[PDB]
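Descriptive analysis of the structure
Letter by letter, the chains look like this.
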Amino acid sequence: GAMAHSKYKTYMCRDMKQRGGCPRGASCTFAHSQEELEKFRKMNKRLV
């Protein structure tokens, strides 16, 4: 039961494991590693 039906900010670039040289902001949404995925909280817990 995910928080939202869409997973745009919760994207992952597994290609980083082998391949490389790709835009993070494009689709990776500044989230190439699971650690960065935590930033997804910014969507829910926002103060602005």
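Determination of this PDB entry was carried out by solution NMR, according to the record.

Here we come to the overall build of the protein chain. A tally of regular secondary structure across the protein chain gives three helices and zero strands. In sequence order, the secondary structure elements of the protein chain are arranged as α-α-α. Expressed along its principal axes, the backbone C-alpha trace of the protein chain runs to roughly 35 × 25 × 15 Å. Going through the 48 residues of the protein chain one by one, you find that 12% of them count as buried. A separation threshold of at least 6 residues defines the contact pool for the protein chain, and within that pool the share at least 24 residues apart is 26%. As displayed, the protein chain has an accessible area near 4,700 Å², and 52% of this comes from carbon and sulfur atoms. One finds the centroid of the 11 positive side-chain charges in the protein chain at a distance of 7 Å from the centroid of its 4 negative side-chain charges.

What counts and how
Residues numbered from 1 in each chain as written, not as in the entry; some residues may be left out. Heavy atoms only, no water. Helix = DSSP H or I, 4+ residues; strand = E, 2+ residues; numbered from the N terminus. Buried < 20%, exposed > 50% of the residue type's maximum accessible area, 1.4 Å probe, protein only. Contact = heavy atoms within 4.5 Å. Areas by Shrake-Rupley, 256 points an atom, 1.4 Å probe, with all protein chains shown as cover. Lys, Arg positive; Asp, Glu negative; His and termini not counted. Charge placed at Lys NZ, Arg CZ, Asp CG, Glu CD.

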